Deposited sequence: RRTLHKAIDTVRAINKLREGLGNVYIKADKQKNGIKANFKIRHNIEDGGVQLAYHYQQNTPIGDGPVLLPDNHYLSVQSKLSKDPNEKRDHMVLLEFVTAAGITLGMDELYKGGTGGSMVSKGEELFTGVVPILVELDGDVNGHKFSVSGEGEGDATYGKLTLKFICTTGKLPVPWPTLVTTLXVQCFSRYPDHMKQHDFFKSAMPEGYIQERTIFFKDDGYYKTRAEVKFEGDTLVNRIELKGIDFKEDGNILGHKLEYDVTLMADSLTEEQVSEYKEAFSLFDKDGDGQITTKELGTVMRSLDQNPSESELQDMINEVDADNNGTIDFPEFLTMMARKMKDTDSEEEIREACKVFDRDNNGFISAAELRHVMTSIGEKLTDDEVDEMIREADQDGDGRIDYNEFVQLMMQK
């Protein structure tokens, strides 16, 4: 019958922009005079499930020169994997939008990118070449990769992380922490272990430095102890437009559009800083304009200063156990149980719906309460609430 979903999906959309969308944690490695980093990637498998890829990373400077040593922060990447319809070689088209929350001078403007990788995965050797450009200023990368040794023995999505964090847009306010540009042009060495759960592991040594106009990324990859018809060598992973981002049912994309339109009250198909701010205000939270722009900048890939529904879907569809799709809907309870008594009342349920921009009769408040209320009491409890997933 009922979609309170739009109300919850509305609150949900606010907690995600606030909590913030960044998936790659960067700690400094004083000792090795560079950076360390750990992160998961959840590759979707055809016929159900996700193939976990545990990432371990250390980058150290090549150059003798000085180098910036950061406080703990996050990088957020959104990826968009494609095929070139004309291209008939094994290839991948990557588009990336990457942001964080002396060598800087080199990344102002549009630098072209060469990428070159040598793999040995259970003695299945292969090479990949990369052409394209990076605009660090807007955090955008374009790249086309080609397997120059025939058919790639591993799925392209598993090579994405291995195939240039010096293109991450570090906002001016944080320019102090951009280790990767600071390292250039001498460059940096980026070493990783990538552990594929219940399967083998990649071992990468890459060096990232300028050769003239172009930022070059050169990679030896060794792939050890892989199950030979497991998910990697056995090619069992959905290509997926995104790395690290999921699908949604017809029922979810509808409710999400409905929630989107509670922010986008003018119907221009765009949420502005003011549009977002009114809704937040409505639910007794008064963010600053500066926070509102930071919040939008998170999902504003095309740098037009507004969230369109596509940008909103991508945020709402972030992976599955980002932390837990539960922890998140438990975090919604707070907003709805305004008195804090441990229950969301018909009164409270009204107050919210009203605030967010739902017109409703008092016979419809009552319907939602009964629709949600397993225990008979005329109140939704935090379990009753998360139950109505």
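- Residues of the deposited sequence missing from the coordinate set occupy positions 102-121, 184, 411-413.
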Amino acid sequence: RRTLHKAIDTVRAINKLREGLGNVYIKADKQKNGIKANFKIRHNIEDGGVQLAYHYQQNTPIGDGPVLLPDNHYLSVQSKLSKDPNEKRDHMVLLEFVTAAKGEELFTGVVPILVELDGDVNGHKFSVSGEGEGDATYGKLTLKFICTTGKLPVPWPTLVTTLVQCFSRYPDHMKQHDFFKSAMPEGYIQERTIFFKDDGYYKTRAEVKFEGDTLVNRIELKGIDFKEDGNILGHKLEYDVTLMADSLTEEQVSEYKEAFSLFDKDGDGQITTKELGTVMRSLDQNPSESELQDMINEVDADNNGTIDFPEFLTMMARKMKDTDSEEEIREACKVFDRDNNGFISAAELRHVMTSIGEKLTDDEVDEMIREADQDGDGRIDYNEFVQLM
From here on, numbers count along this sequence of modelled residues.
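- On average the C-alpha atoms of 358-366 have higher B-factors than those of the other stretch, with 358-366 and 40-48 being the two compared.
- If you average the C-alpha B-factors over 256-264 and over 314-322, the higher value belongs to 314-322.
- Going by the entry's values, 123 shows the largest Cα B-factor out of 287, 305, 112, 123.
- Which of 251, 191, 135, 131 has the largest Cα B-factor in the deposited entry comes down to 251.
- Among the modelled residues of its chain, residue 33 has a C-alpha B-factor that falls in the highest third according to the deposited record.
- Sort the modelled residues of the chain by CA B factor and residue 338 lands in the lowest third.
- When all modelled residues of the chain are sorted by CA temperature factor, residue 55 is found within the lowest third.
- Sort the chain's modelled residues by C-alpha temperature factor and residue 247 lands in the highest third, per the entry.
- Sort the chain's modelled residues by C-alpha temperature factor and residue 11 lands in the lowest third, per the entry.
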